[PDB]
Amino acid sequence: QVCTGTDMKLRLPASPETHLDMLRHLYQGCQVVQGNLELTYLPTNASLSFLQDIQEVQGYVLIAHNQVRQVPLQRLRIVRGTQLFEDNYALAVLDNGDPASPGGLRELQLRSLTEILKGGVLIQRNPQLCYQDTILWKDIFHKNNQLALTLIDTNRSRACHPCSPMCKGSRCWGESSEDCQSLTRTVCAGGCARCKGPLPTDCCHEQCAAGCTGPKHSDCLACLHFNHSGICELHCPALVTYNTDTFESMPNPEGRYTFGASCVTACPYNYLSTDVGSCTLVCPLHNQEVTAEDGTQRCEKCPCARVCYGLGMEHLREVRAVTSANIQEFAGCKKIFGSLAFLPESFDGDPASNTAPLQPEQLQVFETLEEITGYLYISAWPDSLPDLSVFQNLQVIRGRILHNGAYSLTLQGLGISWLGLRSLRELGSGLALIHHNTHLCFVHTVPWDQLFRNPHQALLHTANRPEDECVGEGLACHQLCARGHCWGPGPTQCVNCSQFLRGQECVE
């Protein structure tokens with residue numbers, strides 16, 4: 001039902017051939033996307049039926065470089081704009097069309113889109129796309145949307161039928177009567193932000209987003225603010241309430257944490273239950289996470305300890321890689337509050353600053369690491385290291401921060417023959433992708449279901465050592481391994497032991 005979004009922008013996928021699986025696993029059956037929704041570089045005949053469910057995007061929606069003729073986000077209603085494309089646009093459709101039939105997105109058919117809270121719209125360089133000029137974008141933009149700006153590229157290369165004859169004002173996202181625009185703001189009596197029609201009787205409860213089916217807080221089709229068990233309120237009920245006479249704090253049985261635009265009993269697995277009554281991925285300043293017995297984590301106020309940070313956080317916020325210059329900052333860590341990334345640059349070095357290449361002996365810094373808050377991205381690696389022994393003691397990747405916003409773990413272009421991640425027990429989020437590691441095997445030897453914690457997790461893989469070639473060398477899990485399942489060759493690599501261990505080897 002709820003899944004996170006992505007942060008790829010216009011970056012090409014590392015493995016385009018796995019792109020549809022990436023998207024299917026991340027979004028199939030997801031109605032609400034935390035963060036941004038991005039579809040970039042899809043093929044003409046791509047199958048995106050799994051995205052028919054999305055109703056809401058917290059951030060921006062980007063459709064770009066897609067030759068996909070149809071992108072059926074027909075249930076999308078609300079784009080919140082909490083983060084914007086180019087820091088300004090809630091919606092962007094870019095580069096759709098070729099330079100017997102041509103590819104390129106033809107129409108958007110967003111029959112459901114009625115609200116943009118923040119951010120503008122960009123529909124540019126899309127020679128095969130029509131009806132981007134047939135929307136009353138100012139109605140969609142919310143009353144409090146200061147960037148109610150739409151830029152349309154009308155230099156089209158395709159002849160199109162005018163909007164369905166059934167569209168009011170000829171306002172549509174397409175040629176069908178089902179592709180016509182609904183109006184929720186600029187048609188509202190009394191100047192109310194949202195309504196379901198032209199009468200004062202049609203004004204929606206203030207707490208409603210994108211319209212309503214009636215004036216009650218239970219009639220909102222979506223909340224502007226928060227959904228408390230179907231009830232829209234301007235805030236979630238205080239997690240801790242106050243005494244009638246003294247106003248002293250006391251637990252609120254009706255108290256909830258704010259999650260997205262919903263109120264929850266407790267924050268979802270791998271989210272932080274902040275003491276203030278909110279759900280985060282990252283604790284507020286001067287609050288540390290505390291792990292709960294139920295798999296949730298909570299943020300409580302500290303006088304804080306020194307904390308290990310990874311990429312995308314703090315002073316490493318603008319740093320996209322682990323290098324020989326910053327590898328030492330992970331010394332002594334059990335957990336990293338951020339991501340790790342090993343790029344060819346990490347291992348090639350960078351003469352611009354006379355920085356030495358990262359050496360394999362420096363990767364030992366992660367041997368004490370049990371948990372990664374963000375993602376682990378390895379697109380380079382010493383070939384002197386046949387496995388990932390470096391992370392053999394890694395137990396958990398929370399993946400709150402994903403690579404390109406999609407992967408909690410990606411490995412590509414390595415000389416490793418097996419992974420060997422003996423201690424890995426959990427993947428909190430995102431997908432994993434392994435590719436173009438033609439020496440690598442022990443891919444199908446670890447049911448990945450044992451590490452996954454939610455319905456949107458999957459392993460994507462390609463261009464690894466062919467399974468047939470690997471087993472042809474006699475490479476298989478030791479018969480002593482529980483279920484014959486392992487991370488690599490040898491009894492030392494068993495996912496579990498049927499008998500007992502000798503050190504890490506399963507023995508009898």
# chains A, B, ... in the order shown; residues from 1 in each chain; ligands from 1
call {"tool": "select_by_dssp", "arguments": {"residues": "segment 33-137 of chain A", "states": "strand (DSSP E)", "output": "CSV table (one decimal) with C-alpha atoms, in the first residue's frame"}}
result
chain,number,residue,atom,x,y,z
A,33,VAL,CA,4.6,7.1,-2.6
A,34,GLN,CA,6.8,8.7,0.1
A,37,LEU,CA,7.9,9.2,-8.4
A,38,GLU,CA,10.4,8.8,-11.2
A,39,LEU,CA,10.1,7.0,-14.5
A,40,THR,CA,13.1,7.8,-16.6
A,56,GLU,CA,-0.4,10.1,-4.1
A,57,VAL,CA,3.1,11.4,-4.4
A,61,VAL,CA,6.4,13.3,-10.5
A,62,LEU,CA,8.9,12.9,-13.3
A,63,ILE,CA,8.2,11.2,-16.6
A,64,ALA,CA,11.3,11.5,-18.8
A,78,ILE,CA,-2.3,14.5,-5.4
A,79,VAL,CA,1.3,15.7,-5.8
A,89,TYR,CA,8.3,21.8,-10.4
A,90,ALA,CA,5.8,19.3,-9.0
A,91,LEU,CA,5.3,17.6,-12.4
A,92,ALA,CA,7.6,17.3,-15.3
A,93,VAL,CA,7.2,15.4,-18.5
A,94,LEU,CA,10.3,15.5,-20.6
A,115,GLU,CA,-4.1,18.8,-7.0
A,116,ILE,CA,-0.6,20.2,-6.8
A,120,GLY,CA,4.9,24.2,-11.0
A,121,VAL,CA,4.6,22.1,-14.2
A,122,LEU,CA,7.1,21.4,-17.0
A,123,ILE,CA,6.0,19.7,-20.2
A,124,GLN,CA,9.0,20.1,-22.5
call {"tool": "residues_around", "arguments": {"residues": "residue 51 of chain A", "least_positions_apart": "4", "cutoff": "7 Å", "atoms": "only C-alpha atoms", "output": "list in words"}}
result
residues 27, 28, 72 and 73 of chain A
call {"tool": "residues_around", "arguments": {"residues": "residue 112 of chain A", "least_positions_apart": "5", "cutoff": "12 Å", "atoms": "only C-alpha atoms", "output": "CSV table (one decimal) with N, CA and C atoms, in the first residue's frame"}}
result
chain,number,residue,atom,x,y,z
A,52,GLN,N,-0.7,1.4,-11.8
A,52,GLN,CA,-2.0,1.9,-11.9
A,52,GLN,C,-2.6,2.3,-10.5
A,53,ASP,N,-2.0,1.8,-9.5
A,53,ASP,CA,-2.4,2.0,-8.1
A,53,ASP,C,-2.0,3.4,-7.6
A,54,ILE,N,-1.0,4.0,-8.1
A,54,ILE,CA,-0.6,5.2,-7.4
A,54,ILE,C,-1.5,6.3,-7.4
A,55,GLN,N,-1.9,6.8,-6.2
A,55,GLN,CA,-2.8,7.9,-6.0
A,55,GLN,C,-2.1,9.2,-5.5
A,56,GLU,N,-1.0,9.0,-4.7
A,56,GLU,CA,-0.4,10.1,-4.1
A,56,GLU,C,1.1,10.1,-4.1
A,72,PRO,N,0.1,4.8,-17.4
A,72,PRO,CA,-1.2,4.8,-16.8
A,72,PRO,C,-1.3,5.2,-15.3
A,73,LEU,N,-0.8,6.4,-14.9
A,73,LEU,CA,-0.9,6.8,-13.5
A,73,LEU,C,-2.3,7.5,-13.4
A,74,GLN,N,-3.3,6.7,-13.7
A,74,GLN,CA,-4.7,7.1,-13.8
A,74,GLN,C,-5.3,7.3,-12.5
A,75,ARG,N,-4.7,6.9,-11.4
A,75,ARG,CA,-5.3,7.1,-10.1
A,75,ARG,C,-4.6,8.3,-9.4
A,76,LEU,N,-3.5,8.9,-10.0
A,76,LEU,CA,-2.8,9.9,-9.3
A,76,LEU,C,-3.8,11.1,-9.1
A,77,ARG,N,-3.9,11.5,-7.9
A,77,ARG,CA,-4.7,12.6,-7.5
A,77,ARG,C,-3.9,13.8,-7.0
A,78,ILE,N,-3.0,13.5,-6.1
A,78,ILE,CA,-2.3,14.5,-5.4
A,78,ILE,C,-0.8,14.4,-5.5
A,79,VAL,N,-0.2,15.6,-5.8
A,79,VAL,CA,1.3,15.7,-5.8
A,79,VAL,C,1.5,16.7,-4.8
A,140,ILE,N,-5.7,23.2,-10.7
A,140,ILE,CA,-5.0,22.1,-10.1
A,140,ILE,C,-4.1,22.7,-9.0
A,172,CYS,N,-8.6,18.5,-20.8
A,172,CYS,CA,-8.3,17.1,-20.8
A,172,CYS,C,-6.8,16.8,-20.7
A,173,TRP,N,-6.6,15.5,-20.4
A,173,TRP,CA,-5.2,14.9,-20.5
A,173,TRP,C,-5.2,13.9,-21.7
A,178,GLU,N,-13.1,9.9,-20.6
A,178,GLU,CA,-12.6,9.5,-19.4
A,178,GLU,C,-11.3,10.2,-19.1
A,179,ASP,N,-10.8,11.0,-20.0
A,179,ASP,CA,-9.5,11.7,-19.8
A,179,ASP,C,-9.7,13.2,-19.6
A,180,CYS,N,-11.0,13.7,-19.2
A,180,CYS,CA,-11.4,15.0,-19.0
A,180,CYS,C,-11.1,15.5,-17.6
A,181,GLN,N,-10.8,16.8,-17.5
A,181,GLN,CA,-10.4,17.4,-16.2
A,181,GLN,C,-11.6,17.8,-15.3
A,182,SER,N,-11.4,17.5,-14.0
A,182,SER,CA,-12.3,17.9,-13.0
A,182,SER,C,-11.8,19.2,-12.4
A,183,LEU,N,-12.7,20.1,-11.9
A,183,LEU,CA,-12.2,21.3,-11.3
A,183,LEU,C,-12.6,21.4,-9.8
A,184,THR,N,-11.6,21.7,-9.0
A,184,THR,CA,-11.7,21.7,-7.6
A,184,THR,C,-11.3,23.0,-6.8
A,210,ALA,N,-7.5,18.1,-2.5
A,210,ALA,CA,-8.0,17.8,-3.8
A,210,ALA,C,-9.5,17.6,-3.9
A,211,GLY,N,-10.3,18.1,-3.0
A,211,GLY,CA,-11.7,17.9,-3.1
A,211,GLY,C,-12.3,16.9,-2.0
A,221,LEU,N,-11.7,13.2,0.0
A,221,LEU,CA,-11.2,12.0,-0.7
A,221,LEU,C,-9.8,11.7,-0.3
call {"tool": "residues_around", "arguments": {"residues": "segment 361-369 of chain A", "least_positions_apart": "4", "cutoff": "9 Å", "atoms": "only C-alpha atoms", "output": "list in words"}}
result
residues 324, 327, 328, 329, 330, 331, 332, 333, 334, 335, 336, 389, 390, 391, 392, 393, 394 and 395 of chain A
call {"tool": "write_last_selection", "arguments": {"atoms": "C-alpha atoms", "output": "PDB file, in the first residue's frame"}}
result
ATOM      1  CA  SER A 324      40.733   7.421   0.456  1.00  0.00           C
ATOM      2  CA  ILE A 327      37.498   6.302   4.433  1.00  0.00           C
ATOM      3  CA  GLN A 328      39.019   6.847   7.871  1.00  0.00           C
ATOM      4  CA  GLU A 329      35.889   8.590   9.066  1.00  0.00           C
ATOM      5  CA  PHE A 330      34.185   5.263   9.315  1.00  0.00           C
ATOM      6  CA  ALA A 331      36.814   3.940  11.653  1.00  0.00           C
ATOM      7  CA  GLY A 332      35.365   2.406  14.778  1.00  0.00           C
ATOM      8  CA  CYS A 333      31.705   2.417  13.479  1.00  0.00           C
ATOM      9  CA  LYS A 334      29.039  -0.140  14.230  1.00  0.00           C
ATOM     10  CA  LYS A 335      26.480   1.815  12.365  1.00  0.00           C
ATOM     11  CA  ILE A 336      26.626   4.437   9.695  1.00  0.00           C
ATOM     12  CA  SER A 389      34.555  -9.995   3.020  1.00  0.00           C
ATOM     13  CA  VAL A 390      34.523  -6.365   3.938  1.00  0.00           C
ATOM     14  CA  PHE A 391      30.845  -6.527   4.707  1.00  0.00           C
ATOM     15  CA  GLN A 392      30.692 -10.121   5.957  1.00  0.00           C
ATOM     16  CA  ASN A 393      29.736  -8.756   9.369  1.00  0.00           C
ATOM     17  CA  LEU A 394      27.118  -6.456   7.969  1.00  0.00           C
ATOM     18  CA  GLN A 395      23.812  -7.464   9.357  1.00  0.00           C
TER      19      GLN A 395
END
call {"tool": "residues_around", "arguments": {"residues": "segment 125-129 of chain A", "least_positions_apart": "4", "cutoff": "12 Å", "atoms": "only C-alpha atoms", "output": "ChimeraX atom specification"}}
result
/A:63-71,92-99,101-109,133-134,151-161,173-175
call {"tool": "write_last_selection", "arguments": {"atoms": "C-alpha atoms", "output": "CSV table (one decimal), in the first residue's frame"}}
result
chain,number,residue,atom,x,y,z
A,63,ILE,CA,8.2,11.2,-16.6
A,64,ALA,CA,11.3,11.5,-18.8
A,65,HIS,CA,13.1,10.1,-21.8
A,66,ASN,CA,10.3,7.6,-22.0
A,67,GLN,CA,9.3,6.2,-25.3
A,68,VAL,CA,6.6,4.4,-23.5
A,69,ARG,CA,3.5,5.3,-25.4
A,70,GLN,CA,1.3,5.1,-22.3
A,71,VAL,CA,2.0,5.7,-18.6
A,92,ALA,CA,7.6,17.3,-15.3
A,93,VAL,CA,7.2,15.4,-18.5
A,94,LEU,CA,10.3,15.5,-20.6
A,95,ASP,CA,11.9,14.2,-23.9
A,96,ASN,CA,9.0,11.9,-25.0
A,97,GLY,CA,9.3,11.0,-28.7
A,98,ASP,CA,11.8,9.7,-31.2
A,99,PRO,CA,14.4,12.2,-32.8
A,101,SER,CA,4.7,3.6,-35.5
A,102,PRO,CA,7.2,5.8,-33.5
A,103,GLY,CA,7.6,5.6,-29.8
A,104,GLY,CA,7.0,8.5,-27.3
A,105,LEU,CA,4.3,9.2,-24.7
A,106,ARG,CA,1.2,10.3,-26.5
A,107,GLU,CA,-1.2,11.5,-23.8
A,108,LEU,CA,-1.1,11.5,-20.0
A,109,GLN,CA,-4.7,10.5,-19.3
A,133,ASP,CA,-1.9,22.5,-23.3
A,134,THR,CA,-5.5,21.5,-22.4
A,151,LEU,CA,5.6,25.9,-19.1
A,152,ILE,CA,4.4,24.1,-22.2
A,153,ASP,CA,6.3,23.1,-25.2
A,154,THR,CA,3.8,23.2,-28.1
A,155,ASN,CA,6.3,22.3,-30.8
A,156,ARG,CA,4.7,19.0,-31.5
A,157,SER,CA,5.5,16.5,-34.3
A,158,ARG,CA,2.3,14.6,-34.1
A,159,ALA,CA,-1.2,15.3,-35.3
A,160,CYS,CA,-3.8,14.9,-32.5
A,161,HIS,CA,-7.5,14.8,-32.1
A,173,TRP,CA,-5.2,14.9,-20.5
A,174,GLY,CA,-6.4,12.9,-23.5
A,175,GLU,CA,-8.8,12.0,-26.3
call {"tool": "atom_distance", "arguments": {"atom1": "atom CA of residue 413 of chain A", "atom2": "atom CA of residue 320 of chain A"}}
result
18.1 Å
call {"tool": "select_by_dssp", "arguments": {"residues": "segment 83-325 of chain A", "states": "helix (DSSP H, G or I)", "output": "PyMOL selection string"}}
result
chain A and resi 137-140+168-170+177-179+189-191+200-202+314-316
call {"tool": "write_last_selection", "arguments": {"atoms": "N, CA and C atoms", "output": "CSV table (one decimal), in the first residue's frame"}}
result
chain,number,residue,atom,x,y,z
A,137,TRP,N,-4.4,24.4,-15.4
A,137,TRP,CA,-3.4,24.1,-14.4
A,137,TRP,C,-3.6,24.9,-13.2
A,138,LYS,N,-4.1,26.2,-13.4
A,138,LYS,CA,-4.4,27.0,-12.2
A,138,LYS,C,-5.4,26.5,-11.3
A,139,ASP,N,-6.3,25.6,-11.8
A,139,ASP,CA,-7.3,25.0,-10.9
A,139,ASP,C,-6.6,23.9,-10.0
A,140,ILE,N,-5.7,23.2,-10.7
A,140,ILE,CA,-5.0,22.1,-10.1
A,140,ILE,C,-4.1,22.7,-9.0
A,168,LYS,N,-15.3,19.5,-20.2
A,168,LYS,CA,-15.7,20.9,-19.9
A,168,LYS,C,-14.5,21.8,-20.3
A,169,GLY,N,-14.8,22.8,-21.0
A,169,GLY,CA,-13.8,23.8,-21.4
A,169,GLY,C,-12.7,23.2,-22.3
A,170,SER,N,-13.0,22.0,-22.8
A,170,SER,CA,-12.1,21.2,-23.6
A,170,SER,C,-10.9,21.0,-22.8
A,177,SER,N,-13.5,10.4,-23.2
A,177,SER,CA,-14.4,11.1,-22.2
A,177,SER,C,-14.0,10.9,-20.8
A,178,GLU,N,-13.1,9.9,-20.6
A,178,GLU,CA,-12.6,9.5,-19.4
A,178,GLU,C,-11.3,10.2,-19.1
A,179,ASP,N,-10.8,11.0,-20.0
A,179,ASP,CA,-9.5,11.7,-19.8
A,179,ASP,C,-9.7,13.2,-19.6
A,189,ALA,N,-17.3,28.3,-4.7
A,189,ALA,CA,-18.1,29.3,-4.1
A,189,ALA,C,-17.4,29.8,-2.9
A,190,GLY,N,-17.5,31.1,-2.6
A,190,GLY,CA,-17.0,31.7,-1.4
A,190,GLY,C,-15.5,31.8,-1.3
A,191,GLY,N,-14.8,31.4,-2.4
A,191,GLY,CA,-13.4,31.4,-2.3
A,191,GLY,C,-12.7,30.4,-1.5
A,200,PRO,N,-22.1,26.7,-2.7
A,200,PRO,CA,-21.5,26.8,-1.4
A,200,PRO,C,-21.7,25.5,-0.7
A,201,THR,N,-22.6,24.7,-1.1
A,201,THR,CA,-23.0,23.5,-0.5
A,201,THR,C,-21.9,22.4,-0.9
A,202,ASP,N,-21.1,22.8,-1.9
A,202,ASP,CA,-20.1,21.9,-2.3
A,202,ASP,C,-18.7,22.2,-1.7
A,314,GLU,N,24.9,15.3,6.7
A,314,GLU,CA,25.8,16.2,7.4
A,314,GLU,C,26.9,16.8,6.5
A,315,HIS,N,28.2,16.6,6.8
A,315,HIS,CA,29.3,17.2,6.1
A,315,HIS,C,29.5,16.4,4.8
A,316,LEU,N,28.9,15.3,4.7
A,316,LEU,CA,29.0,14.4,3.6
A,316,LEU,C,27.7,14.6,2.8
call {"tool": "atom_distance", "arguments": {"atom1": "atom CA of residue 268 of chain A", "atom2": "atom CA of residue 373 of chain A"}}
result
15.6 Å
